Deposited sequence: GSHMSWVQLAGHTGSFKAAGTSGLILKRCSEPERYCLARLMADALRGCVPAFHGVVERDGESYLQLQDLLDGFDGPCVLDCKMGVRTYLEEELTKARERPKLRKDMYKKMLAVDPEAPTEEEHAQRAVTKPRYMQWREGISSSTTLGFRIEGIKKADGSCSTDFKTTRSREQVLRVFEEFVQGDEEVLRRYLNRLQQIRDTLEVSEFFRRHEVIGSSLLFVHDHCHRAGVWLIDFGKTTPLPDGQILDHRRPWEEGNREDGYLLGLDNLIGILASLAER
């Protein structure tokens, strides 16, 4: 029905939502409304001011649905900008929170020096996260589910193997063959759109998600969201979005992820 049902605020207009304006994200949504990918992203209506702050006026993707189930998939083999690697080398901001969150999952993960600092760099933390999830090997990872019964979970930090990922989607679709077939049709059409998109070939797409939304009426949709770390390549250079990331090549592995995601849902459909 609606997401509002901490970047988000309720909109005055029916079927809209407000998201805290960020300059990279605003730039991307404006380009996307004129791109092949227009229909694959939430409608962007422009910027509005609320309590002296800038917000993006977005389509509420949950509006068409009756008690929506939602799954957030973060796309890419890499989940941080290359500029974070430079910053961490020349001017590291040691993160005590990231050390604790790492220690919690694997007490042998931090180095002797990280234990001594009780702190890690952001890129180090995000690289570790990529490796214990499916990000590094499959090019995406499950971040969170919201179920129609009001329940939610973010407990996927060690969801890594092809079969572990399949079991999460299997539980998500709860044997609804119509929802799964509609998800697969939508991902096939999104892949086709990404492969021809002028935007996609000229941008590094980091930290974006695919949002899966379905209901008990068998309505199913998928959209790309979260363009806060999507940036254009300099002087008309392009990415293939499949080849491995090597510092300087700005590759995101986005389509490696989408290929693997389509493969898993196609496998689930035949179970």
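Q: Point out each run of deposited residues with no C-alpha coordinates, keeping the order of the sequence.
A: No C-alpha coordinates exist for 6 to 13, and that is the only such stretch.
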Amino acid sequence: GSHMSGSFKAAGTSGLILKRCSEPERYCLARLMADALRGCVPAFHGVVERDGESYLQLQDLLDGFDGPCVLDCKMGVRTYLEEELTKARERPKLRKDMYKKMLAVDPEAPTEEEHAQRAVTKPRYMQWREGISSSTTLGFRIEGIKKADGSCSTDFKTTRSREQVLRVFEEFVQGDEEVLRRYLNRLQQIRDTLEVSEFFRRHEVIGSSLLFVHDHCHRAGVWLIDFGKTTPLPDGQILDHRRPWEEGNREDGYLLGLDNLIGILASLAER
From here on, numbers count along this sequence of modelled residues.
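Throughout, rigid core stands for the largest set of C-alpha atoms superposing within 1.5 Å between the two forms.
Q: Aligning on the core, I want to see which stretch wanders more in 9 other deposited structures of this protein. Is it 95 to 103 or 186 to 194 by C-alpha RMS?
A: Farther from the shown form on average in 9 other deposited structures of this protein: 95 to 103.
Q: Superpose on the core, then say which of 138 to 146 and 86 to 94 ends up with the larger RMS Cα offset from this form in 9 other deposited structures of this protein.
A: Between 86 to 94 and 138 to 146, greater C-alpha deviation in 9 other deposited structures of this protein belongs to 86 to 94.
Q: On average, which has the higher Cα B-factor in the deposited entry, 159 to 167 or 87 to 95?
A: The stretch with the larger average C-alpha B-factor is 87 to 95.
Q: Taking only the CA atoms, which stretch has the higher mean B-factor in the record, 121 to 129 or 185 to 193?
A: Taking the mean C-alpha B-factor of 121 to 129 and of 185 to 193, the larger value falls to 121 to 129.
Q: Which of these has the highest Cα B-factor in the record: 43, 37, 233, 222?
A: Highest C-alpha B-factor among the listed options: 233.
Q: Out of 138, 104, 179, 142, whose C-alpha atom has the biggest B factor in the entry?
A: The listed residue with the largest C-alpha B-factor is 104.
Q: In terms of the chain's CA B-factor thirds, is residue 55 lowest, middle or highest?
A: CA B-factor rank for residue 55: highest third.
Q: What third of its chain's C-alpha B-factors does residue 146 belong to: lowest, middle or highest?
A: CA B-factor rank for residue 146: middle third.
Q: Using the B-factors in the PDB entry, rank residue 243's C-alpha atom against the chain and give the third, lowest, middle or highest.
A: Top third by C-alpha B-factor.
Q: Grab the CA temperature factor for residue 112 from the record and place it in the lowest, middle or highest third of its chain.
A: Highest third of the chain for residue 112's C-alpha B-factor.
Q: Relative to the other modelled residues of the same chain, rank the CA B-factor of residue 262 and answer lowest, middle or highest third.
A: Its C-alpha B-factor, which the entry lists for residue 262, ranks in the lowest third among residues of this chain.
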